[PDB]
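S.K.: Okay, so here is start.csv, and as you'll see once you scroll down, it has CSV, C-alpha atoms and all ligand atoms.
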```csv
chain,number,residue,atom,x,y,z
A,18,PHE,CA,16.6,7.9,28.5
A,19,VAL,CA,16.4,7.0,32.2
A,20,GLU,CA,19.3,9.2,33.0
A,21,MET,CA,17.2,12.3,32.0
A,22,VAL,CA,14.0,11.3,33.7
A,23,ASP,CA,13.2,13.6,36.7
A,24,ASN,CA,15.9,16.1,35.7
A,25,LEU,CA,13.7,19.1,36.3
A,26,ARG,CA,12.9,20.9,39.6
A,27,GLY,CA,11.3,24.1,40.7
A,28,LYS,CA,9.0,25.8,43.2
A,29,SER,CA,5.4,26.3,42.5
A,30,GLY,CA,4.9,29.3,40.2
A,31,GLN,CA,8.7,29.9,39.8
A,32,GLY,CA,9.2,27.7,36.8
A,33,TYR,CA,11.1,24.5,35.9
A,34,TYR,CA,14.8,24.4,35.8
A,35,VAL,CA,17.5,22.0,34.7
A,36,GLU,CA,21.1,21.7,35.8
A,37,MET,CA,23.7,22.9,33.4
A,38,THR,CA,27.5,23.5,33.4
A,39,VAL,CA,29.1,26.3,31.6
A,40,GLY,CA,32.9,27.0,31.1
A,41,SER,CA,36.1,25.1,31.8
A,42,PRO,CA,36.4,24.0,34.5
A,43,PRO,CA,32.7,23.4,34.6
A,44,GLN,CA,30.5,25.8,36.5
A,45,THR,CA,27.2,24.4,37.6
A,46,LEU,CA,24.1,26.6,37.2
A,47,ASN,CA,20.3,25.9,37.6
A,48,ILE,CA,18.6,27.2,34.4
A,49,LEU,CA,14.9,27.9,33.7
A,50,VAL,CA,13.6,25.8,30.8
A,51,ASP,CA,11.7,28.2,28.5
A,52,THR,CA,10.1,27.1,25.2
A,53,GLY,CA,8.8,30.7,24.9
A,54,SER,CA,12.1,32.4,24.3
A,55,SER,CA,15.4,31.7,22.4
A,56,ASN,CA,18.4,33.1,24.3
A,57,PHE,CA,20.7,31.2,26.7
A,58,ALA,CA,21.3,33.9,29.3
A,59,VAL,CA,22.9,33.5,32.7
A,60,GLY,CA,23.4,35.6,35.8
A,61,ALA,CA,27.1,36.8,35.6
A,62,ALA,CA,27.3,39.1,38.7
A,63,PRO,CA,26.5,38.7,42.4
A,64,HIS,CA,22.8,39.9,42.3
A,65,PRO,CA,21.7,39.3,45.9
A,66,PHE,CA,18.8,36.9,44.9
A,67,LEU,CA,21.2,34.5,43.2
A,68,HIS,CA,22.7,31.3,44.6
A,69,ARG,CA,25.5,31.4,42.1
A,70,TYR,CA,26.5,33.0,38.8
A,71,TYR,CA,28.8,32.6,35.7
A,72,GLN,CA,32.3,33.8,36.4
A,73,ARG,CA,33.8,34.3,33.0
A,74,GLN,CA,37.2,35.1,34.5
A,75,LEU,CA,37.5,31.4,35.7
A,76,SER,CA,36.8,29.8,32.2
A,77,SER,CA,39.7,29.0,29.8
A,78,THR,CA,37.2,28.3,27.0
A,79,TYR,CA,35.3,31.6,27.3
A,80,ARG,CA,35.3,33.7,24.2
A,81,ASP,CA,34.1,37.3,24.1
A,82,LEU,CA,31.8,38.3,21.2
A,83,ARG,CA,32.3,42.0,22.0
A,84,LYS,CA,28.6,42.8,21.6
A,85,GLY,CA,25.9,43.8,24.1
A,86,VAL,CA,22.3,42.5,24.1
A,87,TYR,CA,19.3,44.4,25.4
A,88,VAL,CA,16.1,42.4,26.2
A,89,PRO,CA,13.0,44.2,27.5
A,90,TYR,CA,10.0,41.9,27.7
A,91,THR,CA,6.5,42.3,29.0
A,92,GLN,CA,7.1,41.6,32.7
A,93,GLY,CA,10.7,42.8,33.0
A,94,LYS,CA,14.1,43.2,31.4
A,95,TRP,CA,17.6,41.8,31.2
A,96,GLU,CA,20.7,43.1,29.6
A,97,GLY,CA,24.1,41.6,29.1
A,98,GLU,CA,27.3,40.8,27.2
A,99,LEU,CA,27.5,38.1,24.5
A,100,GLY,CA,30.2,35.4,24.3
A,101,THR,CA,30.6,31.7,23.7
A,102,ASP,CA,31.7,28.9,26.0
A,103,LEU,CA,31.4,25.2,26.4
A,104,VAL,CA,28.2,23.9,27.9
A,105,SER,CA,26.9,20.5,29.0
A,106,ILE,CA,23.8,19.1,30.7
A,107,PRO,CA,24.8,16.6,33.5
A,108,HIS,CA,21.4,14.9,33.4
A,109,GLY,CA,21.1,15.1,29.7
A,110,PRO,CA,23.1,13.6,26.8
A,111,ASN,CA,26.8,12.9,27.3
A,112,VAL,CA,28.0,15.8,25.1
A,113,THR,CA,29.6,19.2,25.4
A,114,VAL,CA,28.9,22.0,22.9
A,115,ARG,CA,30.1,25.6,22.2
A,116,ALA,CA,27.0,27.7,22.7
A,117,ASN,CA,26.2,31.4,22.7
A,118,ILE,CA,25.9,32.7,26.2
A,119,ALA,CA,24.5,36.1,27.3
A,120,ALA,CA,26.3,37.0,30.5
A,121,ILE,CA,23.5,39.0,32.3
A,122,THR,CA,24.9,42.2,33.7
A,123,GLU,CA,21.7,44.2,34.6
A,124,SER,CA,18.1,43.2,35.1
A,125,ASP,CA,14.7,44.2,36.4
A,126,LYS,CA,12.0,41.8,37.7
A,127,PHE,CA,13.9,38.9,35.8
A,128,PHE,CA,15.4,37.0,38.7
A,129,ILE,CA,12.9,35.8,41.4
A,130,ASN,CA,13.6,36.6,45.1
A,131,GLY,CA,13.6,33.0,46.6
A,132,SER,CA,14.1,30.9,43.5
A,133,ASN,CA,16.8,28.3,42.9
A,134,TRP,CA,17.7,29.3,39.3
A,135,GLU,CA,20.2,31.7,37.8
A,136,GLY,CA,19.6,31.7,34.1
A,137,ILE,CA,17.2,31.0,31.3
A,138,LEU,CA,17.4,28.4,28.5
A,139,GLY,CA,15.4,29.7,25.5
A,140,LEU,CA,14.5,26.6,23.5
A,141,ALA,CA,12.5,28.4,20.8
A,142,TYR,CA,13.9,29.4,17.3
A,143,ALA,CA,16.4,32.0,16.1
A,144,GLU,CA,13.7,34.3,14.6
A,145,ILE,CA,12.9,35.6,18.1
A,146,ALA,CA,16.5,35.5,19.5
A,147,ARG,CA,18.0,38.9,20.7
A,148,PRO,CA,19.6,40.8,19.3
A,149,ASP,CA,18.7,39.1,16.0
A,150,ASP,CA,18.4,35.7,14.3
A,151,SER,CA,22.1,35.5,13.7
A,152,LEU,CA,22.6,34.6,17.4
A,153,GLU,CA,22.3,30.8,17.2
A,154,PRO,CA,20.1,29.4,20.0
A,155,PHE,CA,21.5,26.6,22.3
A,156,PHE,CA,19.4,23.8,20.8
A,157,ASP,CA,20.5,24.6,17.3
A,158,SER,CA,24.1,24.5,18.4
A,159,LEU,CA,23.6,21.2,20.2
A,160,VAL,CA,22.0,19.6,17.1
A,161,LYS,CA,24.6,21.0,14.7
A,162,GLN,CA,27.7,19.9,16.8
A,163,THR,CA,26.5,16.5,17.9
A,164,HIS,CA,24.4,13.4,16.9
A,165,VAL,CA,21.7,14.4,19.3
A,166,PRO,CA,18.4,14.1,17.3
A,167,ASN,CA,16.6,17.3,16.6
A,168,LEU,CA,13.8,17.0,19.2
A,169,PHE,CA,13.1,17.2,22.9
A,170,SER,CA,10.1,16.4,25.1
A,171,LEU,CA,8.8,17.7,28.4
A,172,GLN,CA,6.9,16.0,31.2
A,173,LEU,CA,5.9,18.8,33.7
A,174,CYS,CA,4.4,17.2,36.8
A,175,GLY,CA,3.8,20.0,39.2
A,176,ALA,CA,3.9,19.5,43.0
A,185,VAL,CA,6.3,26.7,52.5
A,186,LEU,CA,6.2,26.7,48.7
A,187,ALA,CA,5.7,23.2,47.2
A,188,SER,CA,8.6,21.7,45.1
A,189,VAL,CA,7.8,20.6,41.6
A,190,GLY,CA,9.4,18.1,39.3
A,191,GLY,CA,9.5,16.9,35.7
A,192,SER,CA,11.5,15.6,32.9
A,193,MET,CA,13.2,17.1,29.9
A,194,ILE,CA,14.2,14.3,27.5
A,195,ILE,CA,16.8,15.7,25.1
A,196,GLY,CA,17.0,14.0,21.7
A,197,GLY,CA,14.1,11.7,22.1
A,198,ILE,CA,10.9,10.4,23.7
A,199,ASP,CA,10.5,8.3,26.9
A,200,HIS,CA,7.4,6.2,26.3
A,201,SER,CA,7.0,5.4,30.0
A,202,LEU,CA,6.1,9.1,30.5
A,203,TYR,CA,2.7,9.0,28.8
A,204,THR,CA,-0.3,6.7,28.2
A,205,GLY,CA,-2.2,6.2,25.0
A,206,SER,CA,-0.9,7.7,21.7
A,207,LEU,CA,0.9,10.9,20.9
A,208,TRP,CA,-1.1,13.2,18.7
A,209,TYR,CA,0.7,15.8,16.6
A,210,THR,CA,-0.2,19.4,15.7
A,211,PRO,CA,1.9,21.3,13.1
A,212,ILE,CA,4.4,24.0,14.2
A,213,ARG,CA,2.9,26.8,12.0
A,214,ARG,CA,6.1,28.7,11.9
A,215,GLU,CA,9.5,28.3,13.6
A,216,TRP,CA,9.8,31.3,15.9
A,217,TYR,CA,7.7,30.7,19.0
A,218,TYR,CA,6.4,27.1,19.1
A,219,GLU,CA,3.3,28.4,17.3
A,220,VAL,CA,0.2,26.2,16.9
A,221,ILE,CA,-3.4,26.6,15.7
A,222,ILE,CA,-6.4,26.0,17.9
A,223,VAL,CA,-9.5,25.2,15.8
A,224,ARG,CA,-12.2,24.8,18.4
A,225,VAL,CA,-12.8,25.2,22.1
A,226,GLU,CA,-15.3,23.4,24.4
A,227,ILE,CA,-16.3,23.6,28.0
A,228,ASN,CA,-17.8,20.3,29.2
A,229,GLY,CA,-18.2,19.4,25.5
A,230,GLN,CA,-20.1,22.6,24.7
A,231,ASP,CA,-18.6,24.6,21.8
A,232,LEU,CA,-17.8,28.2,22.5
A,233,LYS,CA,-18.9,28.8,18.9
A,234,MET,CA,-16.5,31.6,18.2
A,235,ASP,CA,-14.8,32.4,15.0
A,236,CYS,CA,-11.7,30.2,15.4
A,237,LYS,CA,-9.5,33.1,14.3
A,238,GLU,CA,-10.2,34.6,17.8
A,239,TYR,CA,-8.6,31.5,19.4
A,240,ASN,CA,-5.3,32.4,17.7
A,241,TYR,CA,-5.3,36.2,17.7
A,242,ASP,CA,-2.5,37.1,17.1
A,243,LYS,CA,-0.9,33.7,17.8
A,244,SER,CA,-1.2,30.6,19.9
A,245,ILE,CA,2.0,29.1,21.5
A,246,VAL,CA,3.3,26.3,23.7
A,247,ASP,CA,5.2,27.9,26.6
A,248,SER,CA,6.9,26.1,29.4
A,249,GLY,CA,7.9,29.6,30.7
A,250,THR,CA,4.3,30.6,31.5
A,251,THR,CA,2.2,29.3,34.4
A,252,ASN,CA,-1.3,30.1,33.3
A,253,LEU,CA,-3.5,29.2,30.3
A,254,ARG,CA,-3.6,32.6,28.8
A,255,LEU,CA,-6.4,33.3,26.3
A,256,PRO,CA,-7.1,36.3,24.0
A,257,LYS,CA,-9.5,38.7,25.8
A,258,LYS,CA,-12.6,37.9,23.8
A,259,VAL,CA,-12.1,34.2,24.2
A,260,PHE,CA,-11.4,34.5,27.9
A,261,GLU,CA,-14.7,36.4,28.4
A,262,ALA,CA,-16.7,33.6,26.6
A,263,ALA,CA,-14.8,30.9,28.4
A,264,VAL,CA,-15.4,32.3,31.9
A,265,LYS,CA,-19.1,33.0,31.0
A,266,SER,CA,-19.4,29.3,30.2
A,267,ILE,CA,-17.3,28.0,33.1
A,268,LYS,CA,-19.4,30.2,35.4
A,269,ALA,CA,-22.6,28.6,34.0
A,270,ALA,CA,-21.4,25.0,34.2
A,271,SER,CA,-20.2,25.5,37.8
A,272,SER,CA,-23.2,27.6,39.1
A,273,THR,CA,-23.9,25.1,41.9
A,274,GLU,CA,-21.7,27.5,43.9
A,275,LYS,CA,-21.2,31.3,43.5
A,276,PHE,CA,-17.9,33.2,43.6
A,277,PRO,CA,-17.0,36.9,43.4
A,278,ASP,CA,-15.9,38.4,40.0
A,279,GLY,CA,-12.4,38.9,41.4
A,280,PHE,CA,-11.9,35.1,41.6
A,281,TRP,CA,-12.3,34.8,37.8
A,282,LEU,CA,-10.0,37.7,37.3
A,283,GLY,CA,-7.3,36.2,39.5
A,284,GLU,CA,-7.8,39.1,42.0
A,285,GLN,CA,-8.7,36.7,44.9
A,286,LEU,CA,-8.8,33.1,46.0
A,287,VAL,CA,-11.5,30.5,46.8
A,288,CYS,CA,-11.1,28.2,49.8
A,289,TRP,CA,-12.8,25.0,51.0
A,290,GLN,CA,-12.3,22.9,54.1
A,291,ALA,CA,-9.1,20.8,53.6
A,292,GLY,CA,-9.9,17.7,51.5
A,293,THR,CA,-13.4,18.7,50.4
A,294,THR,CA,-12.6,20.6,47.1
A,295,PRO,CA,-15.7,19.9,44.8
A,296,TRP,CA,-13.7,19.1,41.6
A,297,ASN,CA,-16.9,17.6,40.2
A,298,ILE,CA,-18.7,21.0,39.9
A,299,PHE,CA,-16.0,22.5,37.7
A,300,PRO,CA,-16.1,21.7,33.9
A,301,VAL,CA,-13.3,20.1,31.8
A,302,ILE,CA,-11.9,22.3,29.1
A,303,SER,CA,-10.9,21.0,25.6
A,304,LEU,CA,-8.8,22.7,23.0
A,305,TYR,CA,-9.0,21.2,19.5
A,306,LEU,CA,-5.7,21.5,17.7
A,307,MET,CA,-4.9,21.4,14.0
A,308,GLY,CA,-4.0,17.8,13.2
A,309,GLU,CA,-1.5,16.4,10.7
A,310,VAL,CA,-4.0,15.7,8.0
A,311,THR,CA,-6.3,18.1,5.9
A,312,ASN,CA,-9.6,18.6,7.7
A,313,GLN,CA,-8.3,16.4,10.7
A,314,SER,CA,-8.0,17.6,14.3
A,315,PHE,CA,-7.6,16.2,17.7
A,316,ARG,CA,-8.5,17.5,21.2
A,317,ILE,CA,-6.6,17.9,24.4
A,318,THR,CA,-8.7,18.1,27.6
A,319,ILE,CA,-7.7,19.4,31.0
A,320,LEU,CA,-9.4,19.2,34.4
A,321,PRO,CA,-10.0,21.8,37.2
A,322,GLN,CA,-7.0,20.0,38.9
A,323,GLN,CA,-5.0,21.7,36.1
A,324,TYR,CA,-6.7,25.1,36.0
A,325,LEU,CA,-7.4,25.7,39.7
A,326,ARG,CA,-3.9,26.1,41.1
A,327,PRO,CA,-3.3,25.6,44.9
A,328,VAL,CA,-2.0,28.7,46.7
A,329,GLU,CA,-0.1,28.0,49.9
A,336,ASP,CA,-8.5,25.3,54.3
A,337,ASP,CA,-7.6,24.4,50.7
A,338,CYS,CA,-7.3,27.6,48.7
A,339,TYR,CA,-7.0,28.0,44.9
A,340,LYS,CA,-6.4,30.6,42.3
A,341,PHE,CA,-8.1,30.5,38.9
A,342,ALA,CA,-5.2,30.0,36.5
A,343,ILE,CA,-6.8,31.0,33.2
A,344,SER,CA,-6.2,34.7,32.4
A,345,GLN,CA,-6.6,37.2,29.6
A,346,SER,CA,-3.8,38.0,27.1
A,347,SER,CA,-3.1,40.6,24.5
A,348,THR,CA,-0.3,38.5,22.9
A,349,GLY,CA,-2.5,35.5,22.0
A,350,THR,CA,-3.2,32.0,23.5
A,351,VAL,CA,-0.3,30.9,25.7
A,352,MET,CA,-0.4,27.2,26.6
A,353,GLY,CA,1.5,27.4,29.9
A,354,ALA,CA,1.8,24.9,32.8
A,355,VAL,CA,-1.9,24.7,33.2
A,356,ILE,CA,-2.0,22.9,29.8
A,357,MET,CA,1.4,21.3,29.8
A,358,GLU,CA,1.1,19.6,33.2
A,359,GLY,CA,-1.8,17.5,31.8
A,360,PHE,CA,0.4,16.2,29.0
A,361,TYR,CA,3.7,14.8,27.8
A,362,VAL,CA,4.7,17.3,25.1
A,363,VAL,CA,7.1,16.4,22.3
A,364,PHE,CA,8.8,19.2,20.5
A,365,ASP,CA,9.5,17.4,17.3
A,366,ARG,CA,11.6,20.1,15.7
A,367,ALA,CA,12.8,17.7,12.9
A,368,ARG,CA,9.3,17.3,11.6
A,369,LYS,CA,7.9,20.8,12.5
A,370,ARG,CA,5.3,19.4,14.8
A,371,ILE,CA,4.3,19.2,18.5
A,372,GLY,CA,3.1,15.9,20.1
A,373,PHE,CA,0.6,15.7,23.0
A,374,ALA,CA,-0.1,12.6,25.0
A,375,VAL,CA,-1.8,12.1,28.4
A,376,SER,CA,0.9,12.5,31.0
A,377,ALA,CA,1.6,9.6,33.3
A,378,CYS,CA,2.1,12.1,36.2
A,379,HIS,CA,-0.9,14.4,35.7
A,380,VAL,CA,-3.2,15.1,38.7
A,381,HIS,CA,-6.7,13.7,38.4
A,382,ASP,CA,-9.4,12.0,40.4
A,383,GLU,CA,-11.6,8.8,40.3
A,384,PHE,CA,-14.1,10.2,37.8
A,385,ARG,CA,-12.2,12.2,35.2
A,386,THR,CA,-8.7,12.2,33.6
A,387,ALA,CA,-6.9,14.5,31.3
A,388,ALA,CA,-7.3,13.3,27.7
A,389,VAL,CA,-6.0,13.4,24.2
A,390,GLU,CA,-8.5,12.2,21.7
A,391,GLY,CA,-8.9,12.0,17.9
A,392,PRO,CA,-9.4,12.0,15.0
A,393,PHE,CA,-12.1,14.7,14.5
A,394,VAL,CA,-13.3,16.3,11.3
A,395,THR,CA,-12.8,20.1,11.3
A,396,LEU,CA,-13.1,22.2,8.2
A,397,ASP,CA,-11.3,25.4,7.3
A,398,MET,CA,-8.6,24.8,10.0
A,399,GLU,CA,-6.1,27.0,8.0
A,400,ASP,CA,-8.5,29.9,8.3
A,401,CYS,CA,-8.1,29.8,12.1
A,402,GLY,CA,-4.6,31.1,11.8
A,403,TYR,CA,-4.1,34.9,12.2
A,404,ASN,CA,-2.2,36.8,9.4
B,1,LIG,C1,12.0,37.8,25.2
B,1,LIG,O1,11.2,36.9,26.0
B,1,LIG,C2,11.5,36.7,27.3
B,1,LIG,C3,12.6,37.3,27.9
B,1,LIG,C4,12.8,37.0,29.3
B,1,LIG,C5,11.9,36.2,30.0
B,1,LIG,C6,10.8,35.7,29.4
B,1,LIG,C7,10.6,36.0,28.1
B,1,LIG,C8,9.8,34.8,30.2
B,1,LIG,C9,8.4,35.4,30.1
B,1,LIG,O2,7.6,34.4,29.3
B,1,LIG,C10,8.4,33.4,28.9
B,1,LIG,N1,8.0,32.4,28.2
B,1,LIG,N2,9.7,33.5,29.4
B,1,LIG,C11,10.3,34.6,31.6
B,1,LIG,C12,9.5,33.8,32.5
B,1,LIG,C13,9.9,33.6,33.8
B,1,LIG,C14,9.1,32.8,34.6
B,1,LIG,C15,8.6,31.6,34.1
B,1,LIG,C16,7.8,30.8,34.9
B,1,LIG,CL1,7.2,29.3,34.3
B,1,LIG,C17,7.5,31.2,36.2
B,1,LIG,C18,8.0,32.4,36.7
B,1,LIG,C19,8.8,33.2,35.9
B,1,LIG,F1,9.2,34.4,36.4
B,1,LIG,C20,11.1,34.3,34.3
B,1,LIG,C21,11.8,35.0,33.4
B,1,LIG,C22,11.4,35.2,32.1
B,1,LIG,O3,12.2,36.0,31.4
```
As structure tokens, how would this structure be written, given the file I've shared?

M.R.:
Amino acid sequence: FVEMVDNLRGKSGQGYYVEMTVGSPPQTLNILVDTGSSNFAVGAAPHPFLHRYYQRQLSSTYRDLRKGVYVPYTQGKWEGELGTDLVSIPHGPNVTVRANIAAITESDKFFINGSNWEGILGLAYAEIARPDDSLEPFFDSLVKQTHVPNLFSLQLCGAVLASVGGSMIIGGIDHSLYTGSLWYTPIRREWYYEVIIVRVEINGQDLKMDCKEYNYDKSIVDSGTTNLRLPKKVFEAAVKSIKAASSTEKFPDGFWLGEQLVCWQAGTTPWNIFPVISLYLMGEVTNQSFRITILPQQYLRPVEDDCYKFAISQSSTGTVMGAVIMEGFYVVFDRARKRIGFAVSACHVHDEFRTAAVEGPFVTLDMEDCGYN
């Protein structure tokens, strides 16, 4: 899949995008890769923040669905007009499909002033598509109309604002992109990429919470989120324990809340005083789990003296495994088998003493009880 390796770009904190073409003749757009939503929606008007936009009037293969779509979400909104058109991915499989496209005609806090992308590719399932589950998501269209296998994988590698890179392998797995074995956790339900966390440790010390708290009201794998977001009660316990383990140095409460930065003399960041963080995920087998472990190199994010933000934050919408988790791992979205694979990423940032890890098997009882209903 060498043609697809390194097909993602971005700027730090502004997400990962892939090149796509829409319409005939082809119009090239940079599109945000989002496993946390399910619409293919593209800027369709000259918003001043956009480098380019979909000009439906220039496409011979454009079809109007004569229906609007309205998409408020927690940090913004977008609105638009539904249609279909032909779509390809230049650094993806050699195929062209007819996909649903939402031509974005009004928005608020959706486009980023300074980014290089113009649309969003929602890779999640129809159940959370707007306006309803009858709007077939892109990837469903791709799989139905071609012989592209029903799976994709992401290697997110991270870095005035640093450029980031990664790979979206569409229709398979590139084994060069990880070390060790893949370990799979079941997709609990096909809406978000919902998973179940069964145990949490900070430097091997169990938080000892009712595991339902870890997944209240859901836990998801989300390439469209930067932080590791945790339910409020879990965040409180996690920070208490991370404070304790790192107490060699003291920081203000605002650091832990993301309200301020911490800085060290360039090149002297004391990675060693910060603990590793492990999430045990439901495994493939009854009473079997595995654990994924990240380093402070994943959860202390550089802000451009070396200065960092604490990139674990609280959530009222459940655990969100964003870039802080995904940049440690090669992640396989094995839609065909309703499961998500994690393996140590060949590009993850680490040091001489510790590495991001994926380890198993472990015995964990009552894992089904950890899910919220
Ligand atoms: C209905 O759900 C929606 C709808 C729209 C929507 C998003 C979700 C969102 C927010 O979280 C996720 N996963 N995608 C989302 C995320 C981002 C975004 C993602 C990253 Cl990784 C970084 C910066 C961003 F602004 C930009 C736009 C954006 O729009």

S.K.: What does the list of residues within 9 Å of ligand LIG 1 (chain B) look like if you count all atoms listed in the file, written as a PDB file with C-alpha atoms, in the coordinates of the input?

M.R.:
```
ATOM      1  CA  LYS A  28       9.000  25.800  43.200  1.00  0.00           C
ATOM      2  CA  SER A  29       5.400  26.300  42.500  1.00  0.00           C
ATOM      3  CA  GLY A  30       4.900  29.300  40.200  1.00  0.00           C
ATOM      4  CA  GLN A  31       8.700  29.900  39.800  1.00  0.00           C
ATOM      5  CA  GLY A  32       9.200  27.700  36.800  1.00  0.00           C
ATOM      6  CA  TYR A  33      11.100  24.500  35.900  1.00  0.00           C
ATOM      7  CA  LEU A  49      14.900  27.900  33.700  1.00  0.00           C
ATOM      8  CA  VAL A  50      13.600  25.800  30.800  1.00  0.00           C
ATOM      9  CA  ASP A  51      11.700  28.200  28.500  1.00  0.00           C
ATOM     10  CA  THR A  52      10.100  27.100  25.200  1.00  0.00           C
ATOM     11  CA  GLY A  53       8.800  30.700  24.900  1.00  0.00           C
ATOM     12  CA  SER A  54      12.100  32.400  24.300  1.00  0.00           C
ATOM     13  CA  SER A  55      15.400  31.700  22.400  1.00  0.00           C
ATOM     14  CA  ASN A  56      18.400  33.100  24.300  1.00  0.00           C
ATOM     15  CA  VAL A  88      16.100  42.400  26.200  1.00  0.00           C
ATOM     16  CA  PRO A  89      13.000  44.200  27.500  1.00  0.00           C
ATOM     17  CA  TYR A  90      10.000  41.900  27.700  1.00  0.00           C
ATOM     18  CA  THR A  91       6.500  42.300  29.000  1.00  0.00           C
ATOM     19  CA  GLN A  92       7.100  41.600  32.700  1.00  0.00           C
ATOM     20  CA  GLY A  93      10.700  42.800  33.000  1.00  0.00           C
ATOM     21  CA  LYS A  94      14.100  43.200  31.400  1.00  0.00           C
ATOM     22  CA  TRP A  95      17.600  41.800  31.200  1.00  0.00           C
ATOM     23  CA  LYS A 126      12.000  41.800  37.700  1.00  0.00           C
ATOM     24  CA  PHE A 127      13.900  38.900  35.800  1.00  0.00           C
ATOM     25  CA  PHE A 128      15.400  37.000  38.700  1.00  0.00           C
ATOM     26  CA  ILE A 129      12.900  35.800  41.400  1.00  0.00           C
ATOM     27  CA  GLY A 136      19.600  31.700  34.100  1.00  0.00           C
ATOM     28  CA  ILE A 137      17.200  31.000  31.300  1.00  0.00           C
ATOM     29  CA  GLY A 139      15.400  29.700  25.500  1.00  0.00           C
ATOM     30  CA  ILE A 145      12.900  35.600  18.100  1.00  0.00           C
ATOM     31  CA  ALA A 146      16.500  35.500  19.500  1.00  0.00           C
ATOM     32  CA  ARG A 147      18.000  38.900  20.700  1.00  0.00           C
ATOM     33  CA  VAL A 246       3.300  26.300  23.700  1.00  0.00           C
ATOM     34  CA  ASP A 247       5.200  27.900  26.600  1.00  0.00           C
ATOM     35  CA  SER A 248       6.900  26.100  29.400  1.00  0.00           C
ATOM     36  CA  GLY A 249       7.900  29.600  30.700  1.00  0.00           C
ATOM     37  CA  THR A 250       4.300  30.600  31.500  1.00  0.00           C
ATOM     38  CA  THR A 251       2.200  29.300  34.400  1.00  0.00           C
ATOM     39  CA  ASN A 252      -1.300  30.100  33.300  1.00  0.00           C
ATOM     40  CA  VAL A 351      -0.300  30.900  25.700  1.00  0.00           C
ATOM     41  CA  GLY A 353       1.500  27.400  29.900  1.00  0.00           C
ATOM     42  CA  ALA A 354       1.800  24.900  32.800  1.00  0.00           C
TER      43      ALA A 354
END
```

S.K.: Given the choices A:171, A:301, A:222, A:374, which gets closest to residue 256 in chain A if the distance is worked out from all atoms listed in the file?

M.R.: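 For residue 256 in chain A, the nearest of the given residues is A:222.
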
S.K.: Counting all atoms listed in the file, which of A:86, A:62, A:159, A:377 gets nearest to residue 192 in chain A?

M.R.: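 Among the listed residues, A:377 lies closest to residue 192 in chain A.
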
S.K.: Find the residues around residue 399 in chain A up to 12 Å (only C-alpha atoms counted), leave out those fewer than 6 positions away in its own chain, and share them as a VMD selection string.

M.R.: chain A and resid 211 213 220 to 223 236 to 237 240 306 to 314

S.K.: Within 6 Å of (2.6, 24.1, 47.5) (coordinates as in the file), grab all the protein and nucleic acid residues, counting only C-alpha atoms, and write them out as number ranges by chain.

M.R.: A: 186-187, 329

S.K.: Per residue of range 95-154 of chain A within 10 Å of range 356-373 of chain A, which atom pair is closest and at what distance in Å (one decimal), using all atoms listed in the file, listed by chain and increasing number, as JSON lines?

M.R.:
```
{"residue": "A:140", "atom": "CA", "partner": "A:364", "partner_atom": "CA", "distance": 9.8}
{"residue": "A:141", "atom": "CA", "partner": "A:366", "partner_atom": "CA", "distance": 9.8}
{"residue": "A:142", "atom": "CA", "partner": "A:366", "partner_atom": "CA", "distance": 9.7}
```

S.K.: Can you measure CA of residue 277 in chain A to CA of residue 304 in chain A for me? One decimal in Å is fine.

M.R.: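 According to the coordinates, CA of residue 277 in chain A and CA of residue 304 in chain A are separated by 26.2 Å.
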
S.K.: From the set A:260, A:403, A:203, A:217, which residue has the shortest atom-to-atom contact distance to residue 387 in chain A, counting all atoms listed in the file?

M.R.: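 Counting all atoms listed in the file, the residue closest to residue 387 in chain A is A:203.
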